[PDB]
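Each remark here refers to the structure printed beneath this line.
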Amino acid sequence: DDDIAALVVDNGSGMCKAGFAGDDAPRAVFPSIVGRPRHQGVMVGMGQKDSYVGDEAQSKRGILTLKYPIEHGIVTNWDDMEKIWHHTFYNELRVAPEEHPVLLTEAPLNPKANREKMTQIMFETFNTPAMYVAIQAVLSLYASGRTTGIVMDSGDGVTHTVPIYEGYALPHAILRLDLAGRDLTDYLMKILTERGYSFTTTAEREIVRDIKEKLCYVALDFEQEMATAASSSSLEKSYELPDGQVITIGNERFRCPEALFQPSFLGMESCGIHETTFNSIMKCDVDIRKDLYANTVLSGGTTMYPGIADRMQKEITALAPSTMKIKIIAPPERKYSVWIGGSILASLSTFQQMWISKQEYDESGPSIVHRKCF
Amino acid sequence: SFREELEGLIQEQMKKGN
Amino acid sequence: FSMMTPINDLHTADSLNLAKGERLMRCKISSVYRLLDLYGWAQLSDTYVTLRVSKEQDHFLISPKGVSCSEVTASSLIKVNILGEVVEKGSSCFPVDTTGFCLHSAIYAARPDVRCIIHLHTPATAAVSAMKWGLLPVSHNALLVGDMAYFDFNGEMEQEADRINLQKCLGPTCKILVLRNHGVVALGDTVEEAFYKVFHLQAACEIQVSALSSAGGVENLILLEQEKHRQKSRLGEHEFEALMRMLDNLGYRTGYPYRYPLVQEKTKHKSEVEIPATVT
Amino acid sequence: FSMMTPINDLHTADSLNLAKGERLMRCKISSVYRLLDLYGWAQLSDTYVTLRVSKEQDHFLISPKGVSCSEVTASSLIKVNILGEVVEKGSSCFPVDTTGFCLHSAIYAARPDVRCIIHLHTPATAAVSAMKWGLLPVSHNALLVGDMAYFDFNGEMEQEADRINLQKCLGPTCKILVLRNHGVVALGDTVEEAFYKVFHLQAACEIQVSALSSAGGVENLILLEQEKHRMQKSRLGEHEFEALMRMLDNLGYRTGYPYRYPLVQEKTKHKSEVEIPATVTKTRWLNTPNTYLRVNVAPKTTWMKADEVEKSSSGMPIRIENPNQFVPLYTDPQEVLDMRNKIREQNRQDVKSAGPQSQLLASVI
Amino acid sequence: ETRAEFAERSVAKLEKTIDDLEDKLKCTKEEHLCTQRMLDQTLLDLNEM
Amino acid sequence: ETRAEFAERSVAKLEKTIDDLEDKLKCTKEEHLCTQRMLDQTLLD
Amino acid sequence: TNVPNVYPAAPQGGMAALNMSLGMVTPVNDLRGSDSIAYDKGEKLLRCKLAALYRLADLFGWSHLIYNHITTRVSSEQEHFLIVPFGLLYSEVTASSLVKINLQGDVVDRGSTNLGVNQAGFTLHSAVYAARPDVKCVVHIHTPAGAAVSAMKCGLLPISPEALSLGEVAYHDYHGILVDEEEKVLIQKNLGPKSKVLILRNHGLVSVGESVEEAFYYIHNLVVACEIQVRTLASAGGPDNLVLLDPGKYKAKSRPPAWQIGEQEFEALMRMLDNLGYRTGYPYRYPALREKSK
Amino acid sequence: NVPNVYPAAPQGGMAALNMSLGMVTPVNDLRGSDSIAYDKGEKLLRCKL
Ligand SMILES: Nc1ncnc2c1ncn2[C@@H]1O[C@H](COP(=O)(O)OP(=O)(O)O)[C@@H](O)[C@H]1O
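Residue numbers (the entry's author numbering), protein chains in the order written: chain L, 2 to 375; chain 9, 62 to 79; chain 4, 109 to 338, 356 to 405; chain 3, 109 to 338, 355 to 405, 430 to 446, 458 to 524; chain W, 200 to 248; chain X, 200 to 244; chain 2, 100 to 354, 367 to 405; chain 1, 101 to 149.
Spelled out as structure tokens, the structure:
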């Protein structure tokens, strides 16, 4: 407590954040990538590792095959996650894992074996004293100052909407949808090939992601905006590539995020995000509908596109009943909020009963996490 | 059969395009 | 997997030419279609419910031909004239037929105090329409209906003289008309009163059919005398709000405005560290 | 919200004493109860349908009291004797009342060939039974039902005199009995035949009630005359019950009914002459165009060209399974630049150093 | 950076004031709705009083 | 410069938006008072 | 999971599936353990039972909008009858939405809803409540078959054993005037000292019971016997074509975890309704339908 | 494979089972590679029947 602070480690699908509990800012945020060399190294004395992890891997993008250990919110390479956790504990923070508790976040709906494997890895090798698993979407509402409301989360893995009612996650009304930032980046490639610019390797995917981050916005009205873009060239902007070339994105700036609202562009038969949130509220009982319409919180990396707030408000107004209290509450720091909620939750004195001791794990195997943490 | 089946199919691309 | 369609399509349309109170009447008659579809009275479009928008401008709202009552929405309604000419067409790519409006047109020419006319073709009401002494008030609901007028129907009223006989047989003050062999017609100043009378007369007809079957004769039944039978809420105001509220709870986007709130909404438990809400 | 339950349920039980034909019979009776509920004819708890498993051992299967017809499973039914004592306790933990079984037991004491007894309490059947005149042959279903018997029912069959009065009134060979003011009873050698008779009588009774109410009297009915009407092989009700079991299995219901004629589903394909036939029947490699052969000294090792006239191998492969094999993995980058500085600044300081000398020169010194 | 800091503080204060004004608007609408419905009820009653 | 100018423009919209919204407030209050007076004159008769 | 938001409707009678879809959302056991300074365990349990009875009455279609009322007794030491508030539909009724009023109609508990109760509609129940201290549950119902049975001269006929199980039926003639206190006196006269089923002519069918299960049993038997009579009296056309069951002979010959005489149907339909997902919280006589697997 | 049979009315088992089977088994299975095998006019009549 006083002597040692619990480690708050947020394992997002695209980025990984780490810091100490009770602190405002995470100490280290880095991409969750692992790269392996693809070319023969002929310089004898310059020093080449077998694999590069994190920011060191992203510095040398040209000579590596970048691989993501987390795929669609599901871990597909567990020793790769051992590497990313080793890099987090030893290099970024320079603290031993055996002397501090750790806090882990997770998707609202994950397989049981995934939780068991995380617990087994965290106790067996790192020998951490105490650990706890929390739902990613719950901690955002704690960071919001709220205990009742609907939380929409969208990262690089998957986009899900949950309702929370005085700290209770309703399991039936949690809805999932496969519209993440990675799919938007792939669609950005697919629409960039029209102008004449071709990107094909995993190195250029980071360039396309940076283009998506820096030059995109959400149209309030799609049909008017297409006519506006066809009429004039005032919407066009120029981006300057790492090799010195200059591209003109032009029309596609409001075509990249539009796959969120109309998933038929990507070939998916599912409904839009607004319909997903509307159906998520529709599945709950009547009594809590009024405080779900009157209380909506946006979170996640994808939700920082400019103009997403007004478009979201209009699209959820179009589906809501008449004279209904509708408001969207989007904090400016909405994709650092999960770490903030984790540090807040670890800061409390009544939270210290949540910790799982080493003796408890040694007695009850890796299956104790589900009984101890509901 | 095949010839007039493609006849019809091209008919619905005309119907479907505009 | 669902029949559920949002009954309010006024915001997505953002077009057309509307009156100052038209967009509420459209939603109200669309809801009337939804209720008559849900009870199983009608499924196939035969120009059942007609509403007058304004006393002076006429421009009566009717359903398009070809759209079943389940699929009718607010923007799909068609504003026609008294003769059958198209005043305004909504977003409904269907051929326009105003033949069924002719049954309501002379009633519009006869009584102005009515705005809503509801025509039925249910088997019980059509059996009562073929029942030669008409509705016998042997039940409480038939007493609640009121007085009736009976009119012979030859199936056509394009003729100039048939209209005179129709408005002769309707009378100065009578809000229920029974066409022989052609079901029933209900007449109301508001859609609420007309819907209430439709429901009560349908229940009375359903009671009467079973009664005439089981008794086998008039003498086996009892009939209470019409002379012996002889804040403020309007005749259909109270029930129709409950129906609209229940459809709102299911999820239909009913545009009907509620006169009084449902729940008290006790003030919830507030924290100061809230981010201030809304997107402004 | 998934109200369906598996009808078979023999998998879950793993208990009690069953005969060889007990499984099929229990599945048949539970499927019959499900079908009676699912047509909407019966909905509440009673003892409608009873079955005989063994002709020489009695042990009739009845439904426990207090279970709706949707909730009936195969294991939950109760096997009793002819008198009515519970010889086998059912899986369902419910109080047992075996009062309504007594009428079925009297009918069982009458006929030896009956195995399935079905009782109906539907409104149309009760309206027909309450009617003074008998069922009229005014429908094709009634003609297909056949002969029938009429017996006045006082509501209790506990007395011996009532049981012995039923036997002669029922007849030696009769399939349909009508209990006045109480409904109809169908008797079948097989379950499917009894179900067929129940369905046909059920349809015929609403036909007769509707026609009799609308027409008025008997004169307008112009009723027909029954006398003027007069694999292996199917037995009356095989095909319909087989189709019902097939569709119920397609709902996801587990029915133990095996099929005398199984169903084959083939898409097939039409050959078209326009269609063309199918007509079917990490590591980097470095090549060396030559091959060297070891030859003894003519000791010092010697290698040989082995040209192509001597039928030598053509291409020698070298495989590299990982990148950067040429460079050692663990290396400090500062060392090379440090040694470059060390070598270079001796030019700056212009040394007088000479090359190494061989030791043969050192020895003579 | 300093200019951005001013703009952030101004954003926070002004959007809180926007919420207060919008709450005042909601109160004014429900005052309209009560007065208008009760006037319409008086018209429907058609009482000389 | 990027988010400095972004916050500049955001301040501009929200400033002139709150001005318009306060004007809407006092106008709708005036309309409510007018309808209240008309309600009184109807209730008098 | 994998379930539509609203259930697809039948060709006829969309009210059944529609109220099913509404009950999927709204639980009838609205109480979850909040503060209740006036509630008792028996009062809360009877509130849940009454809400479930309202939903069951809506589910069979035994309802004519909101013009019928069902009242129960809290069985406190003074008055306190529970009634539905005037205005809410039967599929909207929850446990906390029910309104406790006095015998003369004074609201002692306004409940969770702002809607007041109908003062005129409670006098019919108040006449029965003042008539008998034994009665505790009054159900007023309107089915078309029952209305057709009430509209005929002869009324109910002993043609089914279920009508014989009904027993003596009190008949109340349609005055249609609602003359208040003397109307109450005439109700007391026609109902008599002991009766199970009342038929208020040309308007409705009334069942009275000491418990909810008893009233449900009586009204179910009455409705089913009425619709038995409808077809056969139509087809008969006279006494020369109808067999009448003798009441006395049939009744003489025909006659803790243990069930009551009317708890079986109530518990079976409660099992059905909880399998639907209404989560009524009713105390079952046996918690499981079948034994747990071993 | 949890076909998710719809709930039924007390008098409406036929309708519920029919729509459940309609959800499970489509009535037009000829679409795909099999659509070439049948005639264009005949296939449409088969679908209508
Ligand atoms: N400033 C930004 N502008 C636009 N998009 C952003 C920005 N920052 C992050 N993103 C998007 O968010 C994604 C990262 O989401 P992240 O918050 O890491 O997900 P998780 O919740 O799994 O941690 C990136 O793919 C990127 O496209």
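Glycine is no exception: its CB is placed at the ideal position from the N, C-alpha and C atoms.
Local Cβ density within 10 Å of residue i, reported as buried at 16 or more and exposed below that
{"i": "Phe307 (chain 4)", "result": "buried"}
{"i": "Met132 (chain L)", "result": "buried"}
{"i": "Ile330 (chain 3)", "result": "exposed"}
{"i": "residue 351 (chain 4)", "result": "Because chain 4 is numbered 338 and then 356 with no intervening positions, residue 351 (chain 4) cannot be located in this model."}
{"i": "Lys336 (chain L)", "result": "buried"}
{"i": "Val326 (chain 3)", "result": "exposed"}
{"i": "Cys147 (chain 1)", "result": "exposed"}
{"i": "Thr120 (chain 4)", "result": "exposed"}
{"i": "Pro333 (chain L)", "result": "exposed"}
Which residues DSSP lists as bridging residue i, in chain order
{"i": "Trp462 (chain 3)", "result": "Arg442 (chain 3)"}
{"i": "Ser239 (chain L)", "result": "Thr249 (chain L)"}
{"i": "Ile479 (chain 3)", "result": "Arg432 (chain 3)"}
{"i": "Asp154 (chain 4)", "result": "Its beta-bridge partners do not exist; DSSP assigns none."}
{"i": "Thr227 (chain W)", "result": "Answer by DSSP bridge pairing: none, since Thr227 (chain W) is not bridged."}
{"i": "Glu107 (chain L)", "result": "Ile136 (chain L)"}
{"i": "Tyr166 (chain L)", "result": "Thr149 (chain L), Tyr169 (chain L)"}
{"i": "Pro32 (chain L)", "result": "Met16 (chain L)"}
Supposed close pair residue i, residue j - CB separation, criterion 8 Å
{"i": "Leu176 (chain L)", "j": "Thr162 (chain L)", "result": "5 Å"}
{"i": "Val292 (chain 4)", "j": "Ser213 (chain 4)", "result": "Contact doesn't hold; Cβ gap of about 18 Å is too wide."}
{"i": "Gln177 (chain 2)", "j": "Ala226 (chain 2)", "result": "At roughly 18 Å, the Cβ-Cβ gap does not stay under 8 Å, so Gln177 (chain 2) and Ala226 (chain 2) are not in contact."}
Minimum Cβ-Cβ distance from residue i to chain 2 less than 8 Å
{"i": "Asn374 (chain 3)", "result": "no"}
{"i": "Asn101 (chain 1)", "result": "no"}
{"i": "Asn252 (chain L)", "result": "no"}
Chain X contact for residue i (CB, 8 Å cutoff)
{"i": "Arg202 (chain W)", "result": "yes"}
{"i": "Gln240 (chain W)", "result": "no"}
{"i": "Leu213 (chain W)", "result": "yes"}
Interface flag, residue i vs chain 4, CB-CB below 8 Å
{"i": "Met305 (chain L)", "result": "no"}
{"i": "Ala97 (chain L)", "result": "no"}
Beta carbon proximity, residue i to chain 1, threshold 8 Å
{"i": "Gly112 (chain 2)", "result": "yes"}
{"i": "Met112 (chain 3)", "result": "yes"}
{"i": "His248 (chain 3)", "result": "no"}
is_contact[residue i, chain 3] using C-beta, thresh 8 Å
{"i": "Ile258 (chain 2)", "result": "yes"}
For the region 150-179 of chain 3, enumerate the residues whose C-beta is nearer than 9 Å to any C-beta of chain L, in chain order. none
In chain order, what residues of the region 114-146 of chain 1 put their CB closer than 8 Å to some CB of chain 9? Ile136, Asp139, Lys140
To be precise: take each residue of the region 251-266 of chain 4, compare its Cβ to all Cβ atoms of chain 2, and keep it if any distance is under 8 Å. Which residues remain? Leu251
At a CB distance below 8 Å, what residues from the region 218-231 of chain W approach chain 4? Give them in sequence order. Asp218, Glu221
Looking at chain L, which residues of the region 467-492 of chain 3 have a Cβ within less than 8 Å of any of its Cβ atoms? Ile479, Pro482, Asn483, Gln484, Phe485, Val486, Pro487, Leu488, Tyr489, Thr490, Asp491, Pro492
At a Cβ cut of 7 Å, what residues of the region 310-321 of chain L count as close to chain 4, listed as they run along the chain? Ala310, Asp311, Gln314, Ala319
Note down, in chain order, all residues in the region 63-78 of chain 9 with a beta-carbon under 7 Å from any beta-carbon belonging to chain 1. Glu66, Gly69
Taking a Cβ distance cut-off of 7 Å, strictly less, list which residues of the region 61-82 of chain L are near chain 3, in chain order. none
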